[PDB]
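Subsequent text provides structure tokens for two forms of one protein chain, presented individually as structure 1 and structure 2.
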Structure 1
């Protein structure tokens, strides 16, 4: 009677669903969960089948910028009225607020989150003559020079594909660029924004970035790092554990380090939420399922198995204490432990730089497109800024007259 969709969920996290949905099913025999999985490659296939059956999920996972986009078309329920009293106080406030669309309300409930680190290939680093690894975007151009010229490998990968990861968009925010103002108008036509556009335009033209950044998404950065062809990757403990079995030695060479952060030192948080579509006649039961999946006990389980961080304050403090007591023996276990502590301790100064803001996902595709043209030599960086501003304000003028 309850439809649960997990969108683009790694198949490694599958045995957990059977363990939690097992708990829910014995706890609620009269409201069993029909789990539908939509991993990469079968998303279009599955969604379209659901369109042709006029069926929708009661609970589904989304990232904040994506939820706000779907909330703009009236597809998500505002949960503030369906929540029991005291629920919001179980979650990290900064994270709970990030799942709040300023124009639609609480459209989702926080689930797990990940503070991605800088996984540094210490081998390529020494091949280039370096001892430290960069920690502020200012230090990146020179680092990218050393790696590329003195070792023939690329120093970093950040996609510029309009519809993929926002890591690049996040870097703008870290470098002090404000994307939208109060009236939902463009706010990046500023000295800080022109520096950001040029920063990436220059890195690509200079040849210090892989040519594929404009044609392939962040999944190629993971392929390149596994191949020993990338010096730095933005990820964390769970991926690091996959390397220890797939392509080890690249793991024996990797060391987790604090993430590339702006001059204000705030790293990024990647938030996964749960939302309840408005076309649901069990919205109250759906919210009960979402609050169950995201309670302290289940979050603490998941944070361990998936090596992520929970949004529950209770589970968070439990994970921390479970790490401060951890005393590993293998140097691999200490590598994984070192990464989870880094993300945990970095969480204090970390924020969701791209929250559930309406139009921001659309703005991302506008910025990446004109940025592509800039780094491909068609236009300038200062010209890409203006063209992106004009093109966005043209849209905002009709969406928010």
Structure 2
């Protein structure tokens, strides 16, 4: 039997129950036992210590790089059928220094869910689309409505949107040698950007202590004018808070002057300890073929990495006839995500130790937002702490 490990998937039990069921009908010799987890490295280490490593593991570019730098992922090129990469988007297939360590699965382009009713209360007609327009926008929301314009968490190991904003703001995080590269005019400007927003009462005070689940809660309460989220969460807004969804419009995500948006890549990898690597590759290919990826794109309102499924999903969206405004809203969001994908890139560099770097930056930025140190003081402390870590790991 094979053990499949997926990341943060309750709402998608029926999808998994059918596709894995189909797999079990096709491959009775390698039945799948599925476990979904949130905190992934601790559980992989325990299974590998017991010499019971899973066969297919769901990863993202940052975590996949930490594992592959240590020789833990199978080079799939040896086992992949010839012309298997032809079935995937080339930009996302090549998004995996240790060879081909992962097969692309699905991906998400997050949009700006804008509360249009809060905008009219603030005397605004639309939400900003670039970060240098965020302060003026946030002030108008804060003073005329009392609500908050946006919510970006600085809890060290929560969402990476803050670190992604650094990249969108032109900040260079690491050089070749893995040394700190953000003590630059861009990095100091980015640190001051977030410090000044918090100190001026423009951000919710709990951004230093709560993650995107609080942002979700604030938007559904009508207390957040812009929520960085995808199409799938829009349907739960429709059910949980119809008053807010009725005045919600999907909008392009916030970017920097370069325009690039972020895309969250989900992949499937085969640990080197796996004793059924060939069957594991077959399972990863089955989960990511045209039919299964298209079906998951519909049920999850997500974008696939399969060319066949991506074109099929784009085609269904262009000719979909929604029966009510709710379905039309969901169609508008999914279509905007599919259109944004042509300009979106992966922004957190798929390098080892990026979560250590995120934690150091978020911690120092947090000290500056609370007024315990200056912004430049946070930059220096972050730079020196990262170089402490980087000299020990990569001398």
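Numbering follows the first chain given and starts at 1. Basically, rigid core = biggest C-alpha set you can superpose within 1.5 Å across the two forms.
(message) I want to make sure I read this right: if the two forms are fitted on their rigid core, which of 229, 138, 212, 88 has a C-alpha displacement of 2 angstroms or more between the two structures?
(response) That would be 88.
(message) Relative to the superposed rigid core, does residue 358 relocate between the two structures - that is, does its Cα move 2 Å or more?
(response) Comparing the forms between the two structures, which are aligned on their rigid core, residue 358 does not shift its C-alpha by 2 Å or more.
(request) Classify residue 262 as shifted (yes) or not shifted (no) between the two structures, where shifted means its C-alpha moves by 2 Å or more with the rigid core superposed. (result) Stays below the 2 Å threshold, so no.
(message) With both forms fitted on the core, check whether the Cα of residue 69 differs by 2 Å or more between the two structures.
(response) Yes, residue 69 moves 2 Å or more.
(request) For residue 280, tell me the Cα shift between the two structures once the rigid core is superposed, in Å to one decimal. (result) Its C-alpha moves by 2.4 Å once the cores are overlaid.
(message) Please give the CA displacement of residue 296 between the two structures, in Å, after core superposition.
(response) With the rigid core fitted, the alpha carbon of residue 296 is displaced 1.3 Å between the two structures.
(request) May I ask for the C-alpha shift of residue 52 between the two structures, in Å, based on superposition of the rigid core? (result) For residue 52, the C-alpha ends up 10.2 Å from its position in the other form.
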